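*Asks:* Dumping the structure here so I can ask a few things about it.
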Amino acid sequence: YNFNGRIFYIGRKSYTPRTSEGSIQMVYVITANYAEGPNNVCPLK
Amino acid sequence: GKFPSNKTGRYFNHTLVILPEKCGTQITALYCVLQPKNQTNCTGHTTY
Amino acid sequence: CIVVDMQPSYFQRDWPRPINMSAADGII
Ligand SMILES: *[C@@H]1O[C@H](CO)[C@@H](O[C@@H]2O[C@H](CO)[C@@H](O[C@@H]3O[C@H](CO)[C@@H](O)[C@H](O)[C@@H]3O)[C@H](O)[C@H]2NC(C)=O)[C@H](O)[C@H]1NC(C)=O
Ligand SMILES: *[C@@H]1O[C@H](CO)[C@@H](O)[C@H](O)[C@H]1NC(C)=O
Ligand SMILES: *[C@@H]1O[C@H](CO)[C@@H](O)[C@H](O)[C@H]1NC(C)=O
Ligand SMILES: *[C@@H]1O[C@H](CO)[C@@H](O)[C@H](O)[C@H]1NC(C)=O
């Protein structure tokens with residue numbers, strides 16, 4: 001691949017995004033930062 | 001990357017630019033794709 | 001589009017102001 005004028009040897013491999021019946025299989029990564037200041041983000045109670 | 005005039009200072013994807021405006025009273029921040037124009041001594045051709 | 005003059009020879013006067021830690025100049 002010629003990106004910007006430089007040679008980059010790459011490789012692409014596909015995969016099936018969803019199951020046969022039509023359910024999309026997600027992956028959700030959640031990173032929560034506990035800092036020393038006031039905690040703004042809260043669950044709604 | 002490099003300009004077509006073999007110079008340095010071209011950014012090939014989304015750039016963040018910080019610009020002061022209105023006699024130094026407003027500070028703006030644009031995150032936009034910066035495309036070179038094709039005019040004489042204006043980032044186009046072999047003369048830059 | 002606009003013809004400009006580029007000449008960095010006049011742009012080399014130094015008047016340096018180094019970082020003074022005792023005043024916390026660049027402390028975030
Ligand atoms: C998170 O969101 C859900 C959905 O928006 C909230 O659940 C909803 O809670 C209200 C009141 O607690 C329910 O209203 C009630 O509905 C029944 C009929 O369904 C009606 O007879 C009552 O008079 C009242 O209006 C609503 O149905 C319910 N919805 C669902 C889908 O459960 C939930 O309270 C939220 N969590 C919070 C705010 O902490
Ligand atoms: C960067 O710019 C190139 C120019 O066409 C474009 O193909 C590429 O998708 C851009 N990068 C991203 C992450 O979109
Ligand atoms: C920029 O100007 C200085 C001043 O003469 C010079 O020493 C330097 O080589 C120049 N750099 C480029 C990339 O033209
Ligand atoms: C740093 O600032 C303090 C406060 O004026 C001064 O006393 C000290 O000499 C400064 N240090 C240097 C290296 O300039």
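By order in the structure tokens, chains are A, B, ...; within a chain, residues start at 1; ligands start at 1, following the order shown.
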At a cut-off of 12 Å and counting only C-alpha atoms and all ligand atoms, what residues surround ligand 3? Please answer as a list in words.
*Replies:*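 Protein and nucleic-acid residues within 12 Å of ligand 3: residues 6, 7, 8 and 9 of chain B; 6, 7, 8, 9, 10, 11, 12 and 13 of chain C.
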*Asks:* Please identify all residues of chain A having at least one atom at most 12 Å from any atom of chain B, considering only C-alpha atoms, and return them as a PyMOL selection string.
*Replies:* chain A and resi 3-6
*Asks:* At a cut-off of 6 Å, list the chain B residues touching chain C, using only C-alpha atoms, as a PyMOL selection string.
*Replies:* chain B and resi 40-42
*Asks:* Running DSSP on the backbone, which parts of chain A land in strand (DSSP E), as a compact mmCIF listing (two decimals) with N, CA, C and O atoms, in the first residue's frame?
*Replies:*
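The result, written out as states00.txt:
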```txt
# COMPACT_ATOMS: atom_id res chain seq x y z
N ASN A 2 0.52 2.22 -0.81
CA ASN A 2 1.27 3.46 -0.93
C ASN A 2 0.49 4.56 -0.23
O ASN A 2 -0.30 5.28 -0.85
N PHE A 3 0.71 4.69 1.07
CA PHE A 3 0.09 5.74 1.88
C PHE A 3 1.05 6.91 1.94
O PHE A 3 2.21 6.75 2.35
N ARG A 6 4.72 6.48 1.15
CA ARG A 6 5.52 5.47 1.84
C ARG A 6 4.92 4.09 1.59
O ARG A 6 3.70 3.95 1.42
N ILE A 7 5.78 3.08 1.55
CA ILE A 7 5.36 1.71 1.31
C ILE A 7 4.93 1.09 2.63
O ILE A 7 5.70 1.07 3.59
```
*Asks:* Find the distance between atom CA of residue 43 of chain B and atom CA of residue 19 of chain B and write it in Å to one decimal.
*Replies:*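 Calculated distance between atom CA of residue 43 of chain B and atom CA of residue 19 of chain B is 19.5 Å.
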*Asks:* Please report the interatomic distance between atom CA of residue 35 of chain B and atom CA of residue 18 of chain B in Å with one decimal.
*Replies:*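 Spanning atom CA of residue 35 of chain B to atom CA of residue 18 of chain B is a straight-line distance of 16.8 Å.
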*Asks:* State, in Å with one decimal place, the distance from atom CA of residue 16 of chain A to atom 7 (O, counted along the ligand's line) of ligand 2.
*Replies:* 24.2 Å
*Asks:* Residues near residue 16 of chain B, anyone? I mean within 9 Å using only C-alpha atoms, not counting same-chain ones fewer than 4 positions away, as number ranges by chain.
*Replies:* B: 29-33
*Asks:* Using only C-alpha atoms and all ligand atoms, determine which residues fall within 10 Å of ligand 1, then list them as a ChimeraX atom specification.
*Replies:* /A:43-45
